[PDB]
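Working notes, structure below.
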Amino acid sequence: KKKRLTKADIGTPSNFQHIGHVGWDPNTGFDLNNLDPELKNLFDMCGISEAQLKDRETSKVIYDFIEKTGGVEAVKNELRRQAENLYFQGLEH
Amino acid sequence: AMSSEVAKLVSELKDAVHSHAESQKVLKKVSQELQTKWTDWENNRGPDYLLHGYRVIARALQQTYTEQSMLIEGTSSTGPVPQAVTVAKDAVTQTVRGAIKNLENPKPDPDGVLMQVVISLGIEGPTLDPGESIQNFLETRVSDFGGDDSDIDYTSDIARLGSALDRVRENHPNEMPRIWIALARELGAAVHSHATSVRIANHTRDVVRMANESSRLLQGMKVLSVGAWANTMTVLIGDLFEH
C-alpha cells in the first residue's frame, strides 16, 4: 500500500519531537534540558551563561569551536582523562 | 519603536521572524536539491539508486553507533545487568531476525515493512526527544510504510520492541545507548547483507558515489532541522527493501 511519506514530502517537518545535533538548534540555541552533561560541565568551567547558550549569535560560536576542536567526543575524552587524573592525585603516600 | 524599550521588542521579534523564515528558505533549497536528485536517480539510474540508498542508511547506522558509543556509562558490568536491559537487548535480536525473515524466508510472499520500520528506529530513534514513546513511534511507522493493508500482522513484533525499549527509556535512561548500539550493529549487519545479495542481479559500481552526495545534503539538513532529516530518511527507507 502507499507510504505516507513520498519524495514530494522531502524536508517537511516531522510530527515527532527531536533532540537536535549536539543538542543545538540554529535558531533557539542549546536545548538546556537535553544538553549533554559533560558538555554542560565544560561550559560551567568557562563561566558561560545560560543566556549565552540560548542566544543565537553566541551559541553558534560555541557550537563551532566545539566542532573545531574535535567534536563533543574529544571534549568527553578530556573531562574523563581529567577525572581519572584527579582520581590518582587524591591518593596520599 | 520610539521608546528605548519597545525598539528592543520590535528588534527581537523582527529578528525571530526573519531568521526563522530565512532558515526555512535554506532548508527548502537543500530539500529541492535532494528531491530532484533522488527523483532523477530513481527514474534513470534504476538499481544504482537502490544500491546507494543502502549505503546512505548503512552510513547512518554506523553514525548512531559511534554517537551513542560515547554516551555509555561504563563498558564494565558494574553490577548486575538490570532486567529491563536484558529484555530490551533480546527483543532487538528477535524483532530484527524477524524483520529479516518476513523478507527472506516468507510464507505465501516477501514483505519488508518490518525491515523498514526497525531501520527507521535505528537511525531516527536515538534522535527522538527522550519523552517520545518508542511504542508510538513504531506504531506510527507501520502506517507510514503501508502496513495496515498488508496481510502480515505486526502487532506482535511492535509490542515486543516498544514494550522493552520503553521500559528502559523510562526506568533505566542511562542504559538506553546500550540498546541503541545493539540495534545498530544488528541492523548494520542486516543491511549490508541485503545490499550484497541485491548486488548479484550488470551494475555500475563506483557511481554510487551518489552516497557521498546524499549523505552530504542529508548532513546539511540534519544541522538545520533534525526533524526534517528524519522525515527524508524515512522517505529513502520507504524505497528500500521492496521489490
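Don't worry about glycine lacking a Cβ; one is built from the backbone with ideal geometry, like all the others, and counts go over all protein chains shown. What follows is calculated from the coordinates using simple rules that are stated; it is not laboratory data.
Side notes on the structure shown:
- Candidates A:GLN52, A:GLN89 - the one that is away from chain B (no Cβ under 14 Å) and in contact with a helix residue (DSSP H, G or I) (Cβ under 8 Å, 6 or more places away or on another chain): A:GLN52
- Of all residues in region B:187-243, those satisfying the criterion of being closer than 18 Å to B:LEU114 by Cα and within 14 Å of another protein chain (Cβ to nearest Cβ) are B:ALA230, B:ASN231, B:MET233, B:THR234, B:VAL235, B:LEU236, B:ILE237, B:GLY238, B:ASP239, B:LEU240, B:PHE241, B:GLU242.
- Residue list for region B:37-63, filter: within 14 Å of chain A (Cβ to nearest Cβ), farther than 16 Å from B:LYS222 by Cβ and among the small types (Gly, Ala, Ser): B:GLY53
- Of everything in region B:1-36 that is charged (D, E, K, R) and at the interface with another protein chain (Cβ under 10 Å from one of its Cβ atoms), the residue that is nearest to B:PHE241 (Cα to Cα) is B:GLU33.
- The residues listed here are B:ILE152, B:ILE158; of these, the one that is among the hydrophobic types (A, V, I, L, M, F, W, C) and within 17 Å of the chain's Cα centre (by Cα) is B:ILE158.
- Candidate set: region B:128-185, residues that are of a type in the set (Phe, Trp, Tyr) and part of a helix (DSSP H, G or I); chosen: the one surrounded by the fewest Cβ atoms within 10 Å (Cβ to Cβ): B:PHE137
- For A:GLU84, the requirement of being surrounded by fewer than 14 Cβ atoms within 10 Å (Cβ to Cβ), facing another protein chain (nearest Cβ under 8 Å) and out of contact with any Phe, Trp or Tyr (no Cβ under 8 Å at 6 or more places or on another chain) is not met.
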